[PDB]
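Here's the structure, in structure tokens; my notes come after.
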Amino acid sequence: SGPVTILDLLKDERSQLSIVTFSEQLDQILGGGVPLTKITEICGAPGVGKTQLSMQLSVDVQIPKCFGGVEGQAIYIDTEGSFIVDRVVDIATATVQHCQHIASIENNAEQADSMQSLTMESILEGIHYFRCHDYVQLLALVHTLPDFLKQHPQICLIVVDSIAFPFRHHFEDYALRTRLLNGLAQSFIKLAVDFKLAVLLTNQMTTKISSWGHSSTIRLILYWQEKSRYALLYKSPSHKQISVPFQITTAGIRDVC
Ligand SMILES: Nc1ncnc2c1ncn2[C@@H]1O[C@H](COP(=O)(O)OP(=O)(O)O)[C@@H](O)[C@H]1O
Ligand SMILES: [Mg+2]
């Protein structure tokens, strides 16, 4: 066996893991969380929490190994604007607090070493943000990612928030529209596999009232029912459609309890 580098061995180990949501209920229906090497899709109407969950995932991928995490970094591709930097602060801060609790309680002198470096700021530093304003910019950026990711093997998650927004307009040539959309999917599948990371795509079209999606291994639909929030597992390897409750808090995505 070999030659492999120790870096190759670390990436194969990560390959196996999932990125927690901070909702025990979301984690259960996802199989432990958002899986690496796969594309996961979050659908729902405006205000359901696509971006909140995206941001929660971008923070969570950075949780250290000694707290059960992936300990990777994130790319966040924003195609819509109206990004609130202060939300990522709130979320990051609560994830730091949560690990500080485990390190102090149930005591390990290497969790105290990680706490040295796991701050709200180090979490914001580990998220690489790009703004795209149209589909052509988005296509050009994705073409550029193999390079970015060679320079940044820390990257374990790529968010595109949202995939649908730059395709919401009429194309004259419809055959071109699907070509381009089937190509992005294949580009995303390729990255997830060759760079051993999760691709997380946000989408408006599929709501709890509603071709593409074939490439997504998991599709979650986030919606409202009465006065609470729910996530439906709409597509998964098990093929069983379970809805679980969740809430959004200043800390981020949490269980209802
Ligand atoms: N600090 C906060 N505490 C609790 N809920 C929040 C907070 N900030 C935003 N929200 C909730 O998050 C929602 C916005 O979710 P967002 O992820 O932007 O939706 P979208 O699916 O359109 O991306 C708002 O409806 C509000 O209900
Ligand atoms: Mg949003």
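Start counting at 1 in the sequence shown, then tack on 1, and there's your number in the working numbering.
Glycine included, each C-beta is placed from N, C-alpha and C at the ideal position.
- Secondary structure note for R178: its alpha helix (DSSP H) is the uninterrupted segment 175-195.
- For a cut-off of 8 Å, the C-beta gap from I222 to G48 is around 14 Å, too long to register as a contact.
- Annotation: the continuous alpha helix (DSSP H) that includes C100 extends over 86-105.
- Judged by DSSP secondary structure, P47 falls outside any beta strand (DSSP E); it is assigned neither H nor E.
- Between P167 and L139, the beta carbon gap of about 5 Å places them in contact (Cβ cut-off 8 Å).
- Between the stretch 164-182 and the stretch 12-25, the count of Cβ pairs shorter than 8 Å is below three; the stretches do not touch.
- Under the three-pair Cβ rule at 8 Å, the stretch 62-72 does not count as touching the stretch 220-238.
- Note on geometry: alpha-carbon atoms of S237 and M116 lie some 35 Å from one another.
- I219 places its beta carbon 8 Å or farther from that of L54.
- Beta-bridge analysis with DSSP links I159 to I76, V200.
- A distance criterion of 7 Å places the beta-carbon of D162 in contact range of ligand 2, judged by its closest non-hydrogen atom.
- Taking the Cβ of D91 as the reference point, at least one heavy atom of ligand 1 falls within a distance shorter than 7 Å.
- Our two residues, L58 and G50, have alpha carbons roughly 12 Å apart in a direct line.
- For the 8 Å CB-CB criterion, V245 and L31 do not form a contact.
- It is roughly 16 Å from the alpha-carbon of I106 to the alpha-carbon of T96.
- Just so you know, the alpha carbons of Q242 and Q152 end up roughly 39 Å apart.
- Note on geometry: alpha-carbon atoms of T80 and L8 lie some 32 Å from one another.
- In this chain, the beta strand (DSSP E) harbouring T250 covers 244-250.
- Ligand 1 has no heavy atom closer than 7 Å to the beta-carbon of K228.
- About 6 Å separates the beta carbon of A199 from that of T41, a gap short enough to meet the 8 Å contact definition.
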